[PDB]
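Read through the structure below, which is laid out as structure tokens, and then see the notes.
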Amino acid sequence: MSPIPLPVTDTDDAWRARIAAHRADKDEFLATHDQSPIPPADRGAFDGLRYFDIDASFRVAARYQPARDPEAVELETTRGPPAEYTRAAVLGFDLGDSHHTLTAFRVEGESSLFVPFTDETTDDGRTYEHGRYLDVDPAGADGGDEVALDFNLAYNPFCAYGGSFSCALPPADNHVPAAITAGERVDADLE
């Protein structure tokens, strides 16, 4: 907008606070709220969701380029009919062995961008193999600015909890040739 997006990680106090509050949200949402119920067997054994240590190394700075021509694309779902998401942005970053460019979609009413992507750890099945969601703050950025891709906040669809929801299966172009060990872990056993 006016300053180049960079304090998108606010301060590390408020970044850690973001993560703690966001996982506390993903902790209580399916346990207390009826909108996404965990199956009564697993919900009875509910102690709390997975928390990984705040990973600064998996928080990379990604060169923000908004979709100059934003359109509704069809992502496949395990739920049934495919889910249309509008192209909000594309983030150009480097990780592991390779530089990649990752597609950020718009969720209606949500200010945070939904990035469905895959990598070597999802291919390994010990993170959500059908795809990861990333909550990316645009901070009103434009072509040639940057935003923080904190992969530590690469989360899993609510299907992983034993529910039947819509997981936006991304194109193969959203696959990174790297293992992103920080996230919420999942298993082909569960999901």
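Simple scheme: letters A, B, ... for chains in structure tokens order, numbers from 1 for residues in each chain, numbers from 1 for ligands in the order shown.
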Could you pull out the strand (DSSP E or B) residues of segment 107-172 of chain A, going by DSSP on the backbone, and write them as a ChimeraX atom specification?
/A:107,110-118,132-136,145-150,154-155,169
Keeping only N, CA and C atoms, take the residues you just selected and write them out as a CSV table (one decimal), in the first residue's frame.
```
chain,number,residue,atom,x,y,z
A,107,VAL,N,-10.4,-16.4,-0.5
A,107,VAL,CA,-11.6,-16.9,0.2
A,107,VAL,C,-12.5,-15.8,0.4
A,110,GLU,N,-12.8,-13.6,3.7
A,110,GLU,CA,-11.6,-13.8,4.4
A,110,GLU,C,-10.4,-13.0,3.8
A,111,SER,N,-9.8,-12.2,4.7
A,111,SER,CA,-8.7,-11.2,4.3
A,111,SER,C,-7.4,-12.0,4.0
A,112,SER,N,-7.3,-13.2,4.6
A,112,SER,CA,-6.1,-14.0,4.5
A,112,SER,C,-6.2,-15.0,3.3
A,113,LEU,N,-5.1,-15.1,2.5
A,113,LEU,CA,-5.1,-15.9,1.3
A,113,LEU,C,-4.9,-17.4,1.6
A,114,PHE,N,-5.6,-18.2,0.9
A,114,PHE,CA,-5.5,-19.7,1.0
A,114,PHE,C,-4.6,-20.2,-0.1
A,115,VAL,N,-3.4,-20.7,0.4
A,115,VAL,CA,-2.5,-21.3,-0.6
A,115,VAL,C,-2.5,-22.9,-0.4
A,116,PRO,N,-3.2,-23.6,-1.3
A,116,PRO,CA,-3.2,-25.1,-1.3
A,116,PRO,C,-1.9,-25.5,-2.1
A,117,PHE,N,-1.0,-26.3,-1.5
A,117,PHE,CA,0.2,-26.7,-2.1
A,117,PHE,C,0.6,-28.1,-1.6
A,118,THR,N,1.6,-28.7,-2.3
A,118,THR,CA,2.1,-30.1,-1.9
A,118,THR,C,3.7,-29.9,-1.9
A,132,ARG,N,-1.8,-29.0,1.5
A,132,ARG,CA,-1.7,-28.2,2.7
A,132,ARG,C,-2.4,-26.8,2.4
A,133,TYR,N,-3.0,-26.2,3.4
A,133,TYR,CA,-3.5,-24.8,3.3
A,133,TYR,C,-2.4,-23.9,4.0
A,134,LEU,N,-2.1,-22.8,3.4
A,134,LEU,CA,-1.3,-21.7,4.1
A,134,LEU,C,-2.1,-20.4,4.2
A,135,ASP,N,-2.1,-19.8,5.4
A,135,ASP,CA,-2.8,-18.6,5.6
A,135,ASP,C,-1.8,-17.4,5.4
A,136,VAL,N,-1.9,-16.8,4.3
A,136,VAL,CA,-0.9,-15.7,3.9
A,136,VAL,C,-1.5,-14.4,3.9
A,145,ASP,N,6.6,-6.3,-4.3
A,145,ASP,CA,6.8,-6.3,-2.8
A,145,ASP,C,7.1,-7.7,-2.3
A,146,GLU,N,7.0,-7.9,-1.0
A,146,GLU,CA,7.1,-9.3,-0.4
A,146,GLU,C,6.3,-9.5,0.8
A,147,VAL,N,6.0,-10.7,1.1
A,147,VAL,CA,5.2,-11.1,2.3
A,147,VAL,C,5.8,-12.4,2.9
A,148,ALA,N,5.6,-12.6,4.2
A,148,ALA,CA,6.2,-13.8,4.9
A,148,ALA,C,5.4,-15.1,4.6
A,149,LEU,N,6.1,-16.1,3.9
A,149,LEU,CA,5.5,-17.4,3.8
A,149,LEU,C,6.1,-18.3,5.0
A,150,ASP,N,5.4,-18.2,6.1
A,150,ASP,CA,5.7,-19.0,7.3
A,150,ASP,C,5.0,-20.4,7.1
A,154,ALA,N,1.6,-23.8,7.7
A,154,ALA,CA,1.0,-24.7,6.7
A,154,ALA,C,0.2,-25.7,7.4
A,155,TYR,N,-1.1,-25.6,7.4
A,155,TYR,CA,-2.1,-26.4,8.1
A,155,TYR,C,-2.7,-27.4,7.2
A,169,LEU,N,-7.7,-29.8,-3.7
A,169,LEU,CA,-6.6,-30.5,-4.3
A,169,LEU,C,-5.9,-29.6,-5.3
```
For segment 96-104 of chain A, please output as a ChimeraX atom specification all residues within 9 Å (counting only C-alpha atoms; exclusion window: fewer than 5 positions along the same chain).
/A:62-63,66-67,86-91,113-117,134,136,170,173-180
For residue 48 of chain A, which residue among A:130, A:151, A:187, A:161 is the nearest when counting only C-alpha atoms?
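The answer is A:161, which sits nearest to residue 48 of chain A.
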For atom CA of residue 74 of chain A and atom CA of residue 128 of chain A, the interatomic separation in Å (one decimal)
19.8 Å
Just want the 12 Å neighbourhood of residue 81 of chain A, counted on only C-alpha atoms, with same-chain residues fewer than 4 positions away dropped. Output as a PyMOL selection string.
chain A and resi 74-77+165-169
